[PDB]
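Visitor: Encoded as structure tokens, here's the structure I'll be asking about.
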Amino acid sequence: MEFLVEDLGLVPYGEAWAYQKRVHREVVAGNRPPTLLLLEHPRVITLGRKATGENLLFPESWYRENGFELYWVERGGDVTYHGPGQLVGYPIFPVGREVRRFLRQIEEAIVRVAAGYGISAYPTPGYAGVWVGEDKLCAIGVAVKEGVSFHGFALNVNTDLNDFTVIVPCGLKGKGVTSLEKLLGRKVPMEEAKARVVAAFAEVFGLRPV
């Protein structure tokens, strides 16, 4: 009937990943409620299940020389970028076998957040993530182990969208990327975006936030 929200603020990817895994273990064990981690990462590129070297425009070494961290991970999707101004959410929830349903719920929550800003967003029939017209507002890529989810979503709030140009996702997609800031012509407070995300998750999942 409840979910726990933890706002970790700005956390390096590697230690945040270790934290995800510890949170996941507790939820698997039934010793922690379904938990939504909300956070930001310093500039980082992650390469998921479907990722290869073609997803990086420059050599790997270029990225580390130019202020990115880079990691290979086991979430769905190929390459993505996280950085300051992007609200990263890791719902570590006991989803069981119904992963597609879970993805649709994350999508729905994000669509609600966008609607709250007067923005019409949609999952799209054909592209992973949540889109506003031809531009991706929120990336989504999860993993599930022992019936509990990890990884999650990355909502562009005040993201430096220019940082996406150096990665080259593959497969079906729209044309670009967007953020609440770009759509609204001004920065949106991160604290507010977090609150709206929490409210949307509470509504979609039918759970009370603690």
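In case you wondered, yes, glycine gets a Cβ from its N, Cα and C as well.
Per Swiss-Prot, the features are:
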- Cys170: active site, acyl-thioester intermediate (ACT_SITE)
- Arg75, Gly76, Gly77, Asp78, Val79, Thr80, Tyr81, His82, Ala139, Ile140, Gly141, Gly152, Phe153, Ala154: substrate binding site (BINDING)
- 30-209: domain 'BPL/LPL catalytic' (DOMAIN)
- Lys136: site 'Lowers pKa of active site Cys' (SITE)
Visitor: Which of the three DSSP-derived classes (helix, strand, coil) applies to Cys170 (active site, acyl-thioester intermediate)?
Guide: coil
Visitor: Rounded to a whole angstrom, what is the C-alpha distance between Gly141 (substrate binding site) and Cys170 (active site, acyl-thioester intermediate)?
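Guide: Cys170 (active site, acyl-thioester intermediate) has its Cα 14 Å from the Cα of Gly141 (substrate binding site).
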Visitor: Quick one: of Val79, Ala139, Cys170, which of the recorded positions has the smallest count of other CB atoms within 10 A?
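Guide: Least crowded of the recorded positions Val79, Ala139, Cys170, by Cβ count within 10 Å, is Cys170.
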Visitor: Which has the fewest other Cβ atoms within 10 Å: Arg75, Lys136, the recorded positions listed?
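Guide: Checked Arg75, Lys136; of these recorded positions, fewest Cβ neighbours within 10 Å: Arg75.
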Visitor: Might you list, by sequence position, any residue in that chain lying six or more from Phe153 (substrate binding site) with a Cβ less than 8 Å away from its Cβ?
Guide: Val88, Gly89, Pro91, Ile106, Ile110, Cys138, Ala139, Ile140, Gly141
Visitor: Would you kindly give the Cα-Cα distance separating the residue listed as 'active site, acyl-thioester intermediate' and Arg75 (substrate binding site), rounded to the nearest Å?
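Guide: With distance taken Cα to Cα, the residue listed as 'active site, acyl-thioester intermediate' is 15 Å from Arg75 (substrate binding site).
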Visitor: Roughly how many angstrom lie between the C-alpha atoms of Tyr81 (substrate binding site) and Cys170 (active site, acyl-thioester intermediate)?
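Guide: Taking the Cα atoms only, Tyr81 (substrate binding site) lies 14 Å from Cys170 (active site, acyl-thioester intermediate).
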